[PDB]
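Data first, discussion second: the structure below is written as C-alpha cells.
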Amino acid sequence: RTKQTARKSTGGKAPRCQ
Amino acid sequence: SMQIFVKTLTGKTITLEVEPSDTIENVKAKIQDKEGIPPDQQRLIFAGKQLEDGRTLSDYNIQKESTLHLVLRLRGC
Amino acid sequence: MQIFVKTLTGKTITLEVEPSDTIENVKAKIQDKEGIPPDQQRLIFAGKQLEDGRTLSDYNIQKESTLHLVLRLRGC
Amino acid sequence: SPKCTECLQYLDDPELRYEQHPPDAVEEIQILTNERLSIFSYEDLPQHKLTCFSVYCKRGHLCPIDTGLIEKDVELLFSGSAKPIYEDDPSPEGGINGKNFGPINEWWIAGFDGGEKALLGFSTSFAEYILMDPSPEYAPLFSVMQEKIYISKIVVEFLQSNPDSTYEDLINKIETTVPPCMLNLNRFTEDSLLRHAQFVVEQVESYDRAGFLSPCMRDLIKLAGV
Ligand SMILES: [Zn+2]
C-alpha cells in the first residue's frame with residue numbers, strides 16, 4: 001500500500017530566509 | 001463498532017469504523033491506511049483540544065458521529 | 001517564590017525566582033531549563049509584553065503567577 | 001508623482017487603499033497568548049485561522065502578494081481576526097482582531113486533499129496562519145490571487161490522480177470543475193490557465209520537491225511560453 005505525504009507549495013519566500 | 005468522521009481543513013470528510021475503546025494512535029493509523037497520510041504529520045483535534053496519542057475516544061467522550069478535525073504538519077521547502 | 005511559564009505548546013515550566021530579578025534575568029532563568037536563548041523569548045502577562053529592563057515587582061507579578069512564553073523562530 | 005518607498009506605489013493614484021482596522025486590534029505577540037486560540041515540540045509552530053484579512057506595507061498601503069514584494073524582500077505586514085485552526089465560519093465574529101502581523105517570511109498553498117477548499121498560508125517568525133476570507137476592503141486586490149490558488153490546486157490534484165493524463169484532458173478538467181462562489185466566476189477557461197502558466201508550473205515544481213516528466217506538464221510548459 002502506497003503512502004502519500006502531506007505537502008505545500010512555496011508561492012513566495014523572503015530572501016532573508018535561508 | 002462505531003462510525004466517526006474526520007474533517008480536514010479543506011473540507012474533505014473521511015469516514016472511519018472505530019470502537020469507543022480505540023486510542024488516538026489507532027485513529028491516526030486508520031487515517032494512514034485510508035488516505036495514505038503518515039501519522040507523524042497528523043494532529044487530531046476534538047472539542048477544541050488536541051488529542052493525545054495515549055488516550056482513548058471514551059476519555060474524550062467522542063461519541064458516534066462526532067467530527068474530528070485533522071490538522072497536518074505540512075512538508076514544505 | 002515559584003512562578004510558572006506557559007508555552008504555546010502547552011508545556012508548563014516551574015521556576016523559582018525573586019521579585020528583584022529582572023525580565024532579562026527571568027528570560028535568563030528560562031534558558032538554563034529548556035535551552036532557548038533570551039532573544040528568541042517573548043514574555044506576556046495579563047496581555048502585556050514584559051520588557052527586559054523591568055523586574056517582576058515592577059509589573060505587580062505576585063507569587064504563583066503564570067507567564068505566557070512566545071518564541072521567535074530561529075531564522076528570518 | 002511620488003511612489004511609496006516600500007511598495008513602489010504612487011501616492012497620488014486613486015484606488016490606493018490604506019488599511020483600516022478596529023481599535024480593538026492588538027499586536028501579534030499578544031494574540032498568540034489569548035486562551036481562545038489555545039488548543040491544549042518547540043520545532044512545532046502555532047497554526048491558526050485568519051479571516052477578514054488584509055495585507056499592507058509598513059506605510060499602511062494595501063499591497064498584493066503576487067507582485068513580488070516578498071521576493072524583493074519588502075517587509076509585508078497583515079491584519080485580521082485570528083481564529084482557532086479548526087473553525088470553518090469565515091465571519092469576523094468569534095475571532096480576535098489583530099494588527100501588524102508578520103512580516104511575511106513566506107506564503108504557501110496547502111490542501112491537496114480533493115476537498116472543496118484551497119488553503120492559503122502565511123508564515124511569520126512567530127506563527128503560521130491559514131487564511132480564510134479577505135476583508136471587504138481588500139477583496140479587489142485578492143481577487144486575481146484567488147484564481148491562481150485554486151487553479152494550482154486543480155492541476156496538482158489532477159496530476160496526482162492522473163499522472164499520464166494529457167494536456168487536452170487537463171483543460172477539460174479545469175473547465176468542467178465548477179469554480180467556488182468565493183471566486184465570483186461562472187466558469188474556468190483555457191485562458192484561466194494560460195494567464196498563470198508560469199505560476200502553475202512553479203507550484204507543481206515546489207509540490208514535487210517537498211516530498212514533472214508528465215506529458216501534459218511538458219506540452220503545457222512548451223505551449224505555456226515558460
Ligand atoms: Zn507604500
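Naming scheme: A, B, ... for chains in displayed order of the C-alpha cells; residues 1 onward per chain; ligands 1 onward as shown.
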
Practice problem: For residue 7 (chain B), please output as a list in words all residues within 8 Å (counting only C-alpha atoms; exclusion window: fewer than 6 positions along the same chain). | Solution: residues 13, 14, 67, 68, 69 and 70 of chain B

Would you write out those residues with N, CA and C atoms, as a PDB file, in the first residue's frame?
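The file below, out.pdb, is the result:
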ATOM      1  N   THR B  13     -13.997  14.958   3.920  1.00  0.00           N
ATOM      2  CA  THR B  13     -14.513  14.144   5.012  1.00  0.00           C
ATOM      3  C   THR B  13     -14.109  12.691   4.804  1.00  0.00           C
ATOM      4  N   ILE B  14     -13.553  12.078   5.847  1.00  0.00           N
ATOM      5  CA  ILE B  14     -13.157  10.675   5.833  1.00  0.00           C
ATOM      6  C   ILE B  14     -13.951   9.947   6.909  1.00  0.00           C
ATOM      7  N   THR B  67     -17.255  14.582  15.014  1.00  0.00           N
ATOM      8  CA  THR B  67     -16.374  15.028  13.942  1.00  0.00           C
ATOM      9  C   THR B  67     -15.021  15.402  14.528  1.00  0.00           C
ATOM     10  N   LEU B  68     -13.975  14.711  14.083  1.00  0.00           N
ATOM     11  CA  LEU B  68     -12.607  15.054  14.442  1.00  0.00           C
ATOM     12  C   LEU B  68     -12.017  15.977  13.384  1.00  0.00           C
ATOM     13  N   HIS B  69     -11.246  16.963  13.830  1.00  0.00           N
ATOM     14  CA  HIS B  69     -10.594  17.908  12.933  1.00  0.00           C
ATOM     15  C   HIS B  69      -9.137  17.496  12.765  1.00  0.00           C
ATOM     16  N   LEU B  70      -8.723  17.269  11.521  1.00  0.00           N
ATOM     17  CA  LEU B  70      -7.373  16.812  11.218  1.00  0.00           C
ATOM     18  C   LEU B  70      -6.536  17.981  10.711  1.00  0.00           C
TER      19      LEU B  70
END

Exercise. Check every protein, DNA and RNA residue against ligand 1, keep those with an atom at most 12 Å away (counting only C-alpha atoms and all ligand atoms), and present them as a VMD selection string.
Key: chain D and resid 2 to 13 16 to 19 55 to 64 69 74 to 77

Exercise. With a distance threshold of 8 Å and counting only C-alpha atoms, extract the residues of chain A near chain D and express them as an NGL selection string.
Key: :A and (5 or 7-17)

Same residues, N, CA, C and O atoms, output as a PDB file, in the first residue's frame:
ATOM      1  N   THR A   5       2.591  11.693   1.395  1.00  0.00           N
ATOM      2  CA  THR A   5       2.827  12.702   2.416  1.00  0.00           C
ATOM      3  C   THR A   5       1.962  13.939   2.181  1.00  0.00           C
ATOM      4  O   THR A   5       1.527  14.229   1.063  1.00  0.00           O
ATOM      5  N   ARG A   7       1.722  17.852   1.812  1.00  0.00           N
ATOM      6  CA  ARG A   7       2.673  18.819   1.273  1.00  0.00           C
ATOM      7  C   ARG A   7       2.058  20.179   0.951  1.00  0.00           C
ATOM      8  O   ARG A   7       0.843  20.318   0.820  1.00  0.00           O
ATOM      9  N   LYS A   8       2.923  21.180   0.826  1.00  0.00           N
ATOM     10  CA  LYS A   8       2.530  22.508   0.431  1.00  0.00           C
ATOM     11  C   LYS A   8       3.517  23.066  -0.587  1.00  0.00           C
ATOM     12  O   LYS A   8       4.698  22.723  -0.637  1.00  0.00           O
ATOM     13  N   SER A   9       3.009  23.951  -1.438  1.00  0.00           N
ATOM     14  CA  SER A   9       3.829  24.551  -2.486  1.00  0.00           C
ATOM     15  C   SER A   9       4.246  25.976  -2.125  1.00  0.00           C
ATOM     16  O   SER A   9       3.432  26.776  -1.667  1.00  0.00           O
ATOM     17  N   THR A  10       5.522  26.286  -2.341  1.00  0.00           N
ATOM     18  CA  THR A  10       6.079  27.580  -1.959  1.00  0.00           C
ATOM     19  C   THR A  10       5.699  28.626  -3.000  1.00  0.00           C
ATOM     20  O   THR A  10       6.175  28.583  -4.139  1.00  0.00           O
ATOM     21  N   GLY A  11       4.849  29.571  -2.612  1.00  0.00           N
ATOM     22  CA  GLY A  11       4.452  30.635  -3.513  1.00  0.00           C
ATOM     23  C   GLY A  11       5.426  31.795  -3.519  1.00  0.00           C
ATOM     24  O   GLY A  11       5.768  32.321  -4.582  1.00  0.00           O
ATOM     25  N   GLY A  12       5.872  32.202  -2.340  1.00  0.00           N
ATOM     26  CA  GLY A  12       6.833  33.286  -2.223  1.00  0.00           C
ATOM     27  C   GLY A  12       7.644  33.133  -0.959  1.00  0.00           C
ATOM     28  O   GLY A  12       7.163  32.602   0.047  1.00  0.00           O
ATOM     29  N   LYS A  13       8.887  33.607  -1.008  1.00  0.00           N
ATOM     30  CA  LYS A  13       9.791  33.446   0.122  1.00  0.00           C
ATOM     31  C   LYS A  13      10.755  34.622   0.176  1.00  0.00           C
ATOM     32  O   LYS A  13      11.367  34.974  -0.837  1.00  0.00           O
ATOM     33  N   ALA A  14      10.880  35.223   1.357  1.00  0.00           N
ATOM     34  CA  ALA A  14      11.758  36.372   1.515  1.00  0.00           C
ATOM     35  C   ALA A  14      13.219  35.935   1.425  1.00  0.00           C
ATOM     36  O   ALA A  14      13.586  34.879   1.953  1.00  0.00           O
ATOM     37  N   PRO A  15      14.073  36.723   0.767  1.00  0.00           N
ATOM     38  CA  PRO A  15      15.483  36.322   0.619  1.00  0.00           C
ATOM     39  C   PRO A  15      16.212  36.142   1.939  1.00  0.00           C
ATOM     40  O   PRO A  15      17.126  35.311   2.019  1.00  0.00           O
ATOM     41  N   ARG A  16      15.835  36.892   2.977  1.00  0.00           N
ATOM     42  CA  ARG A  16      16.486  36.780   4.279  1.00  0.00           C
ATOM     43  C   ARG A  16      16.305  35.409   4.912  1.00  0.00           C
ATOM     44  O   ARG A  16      16.984  35.106   5.900  1.00  0.00           O
ATOM     45  N   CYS A  17      15.410  34.581   4.378  1.00  0.00           N
ATOM     46  CA  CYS A  17      15.117  33.267   4.936  1.00  0.00           C
ATOM     47  C   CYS A  17      15.934  32.222   4.182  1.00  0.00           C
ATOM     48  O   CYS A  17      15.691  31.962   2.999  1.00  0.00           O
TER      49      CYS A  17
END

With only C-alpha atoms counted and 8 Å as the cut-off, give the residues of chain B in contact with chain D, each with its shortest interatomic distance in Å and the pair that gives it, as JSON lines.
{"residue": "B:9", "atom": "CA", "partner": "D:86", "partner_atom": "CA", "distance": 7.1}
{"residue": "B:10", "atom": "CA", "partner": "D:117", "partner_atom": "CA", "distance": 4.5}
{"residue": "B:11", "atom": "CA", "partner": "D:115", "partner_atom": "CA", "distance": 5.3}
{"residue": "B:12", "atom": "CA", "partner": "D:115", "partner_atom": "CA", "distance": 4.3}
{"residue": "B:13", "atom": "CA", "partner": "D:115", "partner_atom": "CA", "distance": 7.9}
{"residue": "B:45", "atom": "CA", "partner": "D:86", "partner_atom": "CA", "distance": 7.6}
{"residue": "B:48", "atom": "CA", "partner": "D:39", "partner_atom": "CA", "distance": 5.8}
{"residue": "B:49", "atom": "CA", "partner": "D:39", "partner_atom": "CA", "distance": 4.4}
{"residue": "B:50", "atom": "CA", "partner": "D:39", "partner_atom": "CA", "distance": 5.7}
{"residue": "B:69", "atom": "CA", "partner": "D:86", "partner_atom": "CA", "distance": 6.2}
{"residue": "B:71", "atom": "CA", "partner": "D:85", "partner_atom": "CA", "distance": 7.9}
{"residue": "B:75", "atom": "CA", "partner": "D:210", "partner_atom": "CA", "distance": 5.8}
{"residue": "B:76", "atom": "CA", "partner": "D:210", "partner_atom": "CA", "distance": 5.1}
{"residue": "B:77", "atom": "CA", "partner": "D:210", "partner_atom": "CA", "distance": 5.8}

Exercise. Would you mind writing down, as a ChimeraX atom specification, each residue of chain B that DSSP on the backbone assigns to strand (DSSP E)?
Key: /B:2-8,13-18,42-46,49-50,67-72

Keeping only N, CA, C and O atoms, write those residues as an mmCIF file, in the first residue's frame.
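Final output, part.cif:
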data_model
loop_
_atom_site.group_PDB
_atom_site.id
_atom_site.type_symbol
_atom_site.label_atom_id
_atom_site.label_comp_id
_atom_site.auth_asym_id
_atom_site.auth_seq_id
_atom_site.Cartn_x
_atom_site.Cartn_y
_atom_site.Cartn_z
ATOM 1 N N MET B 2 -18.243 1.550 15.595
ATOM 2 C CA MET B 2 -18.746 2.917 15.595
ATOM 3 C C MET B 2 -18.339 3.592 14.294
ATOM 4 O O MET B 2 -17.295 3.278 13.720
ATOM 5 N N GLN B 3 -19.158 4.541 13.848
ATOM 6 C CA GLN B 3 -18.864 5.362 12.679
ATOM 7 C C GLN B 3 -18.551 6.781 13.137
ATOM 8 O O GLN B 3 -19.363 7.402 13.829
ATOM 9 N N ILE B 4 -17.373 7.287 12.761
ATOM 10 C CA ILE B 4 -16.980 8.658 13.071
ATOM 11 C C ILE B 4 -16.334 9.291 11.843
ATOM 12 O O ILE B 4 -15.754 8.605 10.995
ATOM 13 N N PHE B 5 -16.444 10.614 11.752
ATOM 14 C CA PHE B 5 -15.899 11.380 10.641
ATOM 15 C C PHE B 5 -14.615 12.091 11.055
ATOM 16 O O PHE B 5 -14.400 12.396 12.231
ATOM 17 N N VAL B 6 -13.763 12.357 10.068
ATOM 18 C CA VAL B 6 -12.529 13.111 10.260
ATOM 19 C C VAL B 6 -12.466 14.171 9.170
ATOM 20 O O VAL B 6 -12.374 13.839 7.982
ATOM 21 N N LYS B 7 -12.516 15.438 9.568
ATOM 22 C CA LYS B 7 -12.633 16.551 8.636
ATOM 23 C C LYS B 7 -11.310 17.298 8.533
ATOM 24 O O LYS B 7 -10.741 17.706 9.552
ATOM 25 N N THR B 8 -10.834 17.482 7.305
ATOM 26 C CA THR B 8 -9.617 18.233 7.040
ATOM 27 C C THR B 8 -9.933 19.720 6.896
ATOM 28 O O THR B 8 -11.093 20.137 6.860
ATOM 29 N N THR B 13 -13.997 14.958 3.920
ATOM 30 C CA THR B 13 -14.513 14.144 5.012
ATOM 31 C C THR B 13 -14.109 12.691 4.804
ATOM 32 O O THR B 13 -14.301 12.138 3.715
ATOM 33 N N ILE B 14 -13.553 12.078 5.847
ATOM 34 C CA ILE B 14 -13.157 10.675 5.833
ATOM 35 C C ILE B 14 -13.951 9.947 6.909
ATOM 36 O O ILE B 14 -13.998 10.393 8.061
ATOM 37 N N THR B 15 -14.577 8.836 6.533
ATOM 38 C CA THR B 15 -15.384 8.040 7.448
ATOM 39 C C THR B 15 -14.570 6.855 7.951
ATOM 40 O O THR B 15 -13.962 6.132 7.156
ATOM 41 N N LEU B 16 -14.565 6.660 9.268
ATOM 42 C CA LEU B 16 -13.794 5.603 9.903
ATOM 43 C C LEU B 16 -14.710 4.739 10.756
ATOM 44 O O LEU B 16 -15.662 5.232 11.369
ATOM 45 N N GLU B 17 -14.409 3.444 10.790
ATOM 46 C CA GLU B 17 -15.124 2.482 11.620
ATOM 47 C C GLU B 17 -14.227 2.133 12.805
ATOM 48 O O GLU B 17 -13.237 1.409 12.650
ATOM 49 N N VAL B 18 -14.574 2.648 13.985
ATOM 50 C CA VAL B 18 -13.737 2.534 15.172
ATOM 51 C C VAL B 18 -14.579 2.019 16.334
ATOM 52 O O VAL B 18 -15.796 1.872 16.238
ATOM 53 N N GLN B 42 0.250 13.938 11.477
ATOM 54 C CA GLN B 42 -1.157 14.074 11.821
ATOM 55 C C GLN B 42 -1.327 14.679 13.207
ATOM 56 O O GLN B 42 -0.593 14.347 14.142
ATOM 57 N N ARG B 43 -2.305 15.575 13.326
ATOM 58 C CA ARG B 43 -2.723 16.143 14.599
ATOM 59 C C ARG B 43 -4.243 16.129 14.639
ATOM 60 O O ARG B 43 -4.890 16.610 13.705
ATOM 61 N N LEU B 44 -4.808 15.572 15.705
ATOM 62 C CA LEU B 44 -6.250 15.400 15.828
ATOM 63 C C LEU B 44 -6.795 16.317 16.914
ATOM 64 O O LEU B 44 -6.242 16.379 18.017
ATOM 65 N N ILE B 45 -7.884 17.020 16.600
ATOM 66 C CA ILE B 45 -8.492 17.996 17.497
ATOM 67 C C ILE B 45 -9.963 17.647 17.671
ATOM 68 O O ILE B 45 -10.674 17.429 16.684
ATOM 69 N N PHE B 46 -10.419 17.602 18.922
ATOM 70 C CA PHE B 46 -11.826 17.380 19.224
ATOM 71 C C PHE B 46 -12.254 18.315 20.344
ATOM 72 O O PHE B 46 -11.541 18.466 21.341
ATOM 73 N N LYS B 49 -9.606 20.854 21.495
ATOM 74 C CA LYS B 49 -8.367 20.452 22.144
ATOM 75 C C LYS B 49 -7.688 19.365 21.327
ATOM 76 O O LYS B 49 -8.358 18.507 20.743
ATOM 77 N N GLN B 50 -6.358 19.405 21.287
ATOM 78 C CA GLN B 50 -5.593 18.408 20.550
ATOM 79 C C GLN B 50 -5.523 17.114 21.351
ATOM 80 O O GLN B 50 -5.152 17.120 22.529
ATOM 81 N N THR B 67 -17.255 14.582 15.014
ATOM 82 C CA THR B 67 -16.374 15.028 13.942
ATOM 83 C C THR B 67 -15.021 15.402 14.528
ATOM 84 O O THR B 67 -14.934 16.297 15.376
ATOM 85 N N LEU B 68 -13.975 14.711 14.083
ATOM 86 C CA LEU B 68 -12.607 15.054 14.442
ATOM 87 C C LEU B 68 -12.017 15.977 13.384
ATOM 88 O O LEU B 68 -12.258 15.803 12.186
ATOM 89 N N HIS B 69 -11.246 16.963 13.830
ATOM 90 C CA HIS B 69 -10.594 17.908 12.933
ATOM 91 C C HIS B 69 -9.137 17.496 12.765
ATOM 92 O O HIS B 69 -8.404 17.384 13.753
ATOM 93 N N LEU B 70 -8.723 17.269 11.521
ATOM 94 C CA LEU B 70 -7.373 16.812 11.218
ATOM 95 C C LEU B 70 -6.536 17.981 10.711
ATOM 96 O O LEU B 70 -6.820 18.543 9.649
ATOM 97 N N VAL B 71 -5.510 18.343 11.476
ATOM 98 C CA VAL B 71 -4.541 19.359 11.087
ATOM 99 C C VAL B 71 -3.211 18.663 10.845
ATOM 100 O O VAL B 71 -2.810 17.789 11.621
ATOM 101 N N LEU B 72 -2.529 19.041 9.766
ATOM 102 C CA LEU B 72 -1.345 18.326 9.308
ATOM 103 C C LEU B 72 -0.113 19.216 9.392
ATOM 104 O O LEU B 72 -0.153 20.381 8.982
#

Tell me, as a PDB file with C-alpha atoms, in the first residue's frame, which residues lie within 7 Å of residue 5 (chain C), counting only C-alpha atoms; anything in the same chain fewer than 4 positions away does not count.
ATOM      1  CA  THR C  12       4.475  24.382  31.850  1.00  0.00           C
ATOM      2  CA  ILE C  13       7.842  25.434  33.303  1.00  0.00           C
ATOM      3  CA  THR C  14       8.273  25.815  37.071  1.00  0.00           C
ATOM      4  CA  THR C  66       1.698  32.306  35.249  1.00  0.00           C
ATOM      5  CA  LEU C  67       3.697  33.932  32.457  1.00  0.00           C
ATOM      6  CA  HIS C  68       2.992  33.065  28.824  1.00  0.00           C
ATOM      7  CA  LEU C  69       6.033  32.492  26.614  1.00  0.00           C
TER       8      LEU C  69
END

Quiz prompt | At most 12 Å to chain A: residues in chain C, only C-alpha atoms, as a PyMOL selection string | solution = chain C and resi 73-76

Could you turn the residues from that selection into a file that holds C-alpha atoms, as a compact mmCIF listing (two decimals), in the first residue's frame?
# COMPACT_ATOMS: atom_id res chain seq x y z
CA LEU C 73 11.74 31.26 15.36
CA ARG C 74 15.46 30.78 14.76
CA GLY C 75 15.72 32.48 11.38
CA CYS C 76 14.35 35.42 9.26

Practice problem: For chain D, list the residues within 8 Å of chain C, counting only C-alpha atoms, and write the list as a PyMOL selection string. | Solution: chain D and resi 29-30+32-34+38+40-42+44+46+105+125-126

Exercise. Apply DSSP to the structure's backbone, then extract all residues of chain C labelled helix (DSSP H, G or I) and return them as a ChimeraX atom specification.
Key: /C:23-34,38-40

Any chance you could export the current selection's C-alpha atoms as a PDB file, in the first residue's frame?
ATOM      1  CA  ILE C  23      12.765  40.175  32.932  1.00  0.00           C
ATOM      2  CA  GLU C  24      16.158  39.838  31.253  1.00  0.00           C
ATOM      3  CA  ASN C  25      17.052  37.631  34.221  1.00  0.00           C
ATOM      4  CA  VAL C  26      13.642  35.937  34.009  1.00  0.00           C
ATOM      5  CA  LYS C  27      14.486  35.069  30.408  1.00  0.00           C
ATOM      6  CA  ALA C  28      17.972  34.113  31.599  1.00  0.00           C
ATOM      7  CA  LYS C  29      16.349  31.781  34.136  1.00  0.00           C
ATOM      8  CA  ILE C  30      14.269  30.193  31.366  1.00  0.00           C
ATOM      9  CA  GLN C  31      17.263  29.363  29.139  1.00  0.00           C
ATOM     10  CA  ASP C  32      19.009  27.043  31.616  1.00  0.00           C
ATOM     11  CA  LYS C  33      15.971  24.772  31.956  1.00  0.00           C
ATOM     12  CA  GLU C  34      14.870  24.476  28.315  1.00  0.00           C
ATOM     13  CA  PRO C  38      16.671  35.074  25.591  1.00  0.00           C
ATOM     14  CA  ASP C  39      16.483  36.890  22.245  1.00  0.00           C
ATOM     15  CA  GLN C  40      14.010  34.266  20.999  1.00  0.00           C
TER      16      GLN C  40
END

Self-check item: Residue contacts of residue 60 (chain B) (10 Å, only C-alpha atoms) excluding same-chain residues fewer than 2 positions away, as a list in words
Solution: residues 20, 46, 47, 49, 51, 52, 55, 56, 57, 58, 62 and 63 of chain B

Self-check item: Within 12 Å of residue 176 (chain D) using only C-alpha atoms, minus same-chain residues under 2 positions, as a VMD selection string
Solution: chain D and resid 154 169 to 174 178 to 179 186 to 190

Quiz item: What gap, in Å, lies between CA of residue 220 (chain D) and CA of residue 197 (chain D)?
Solution: 7.9 Å
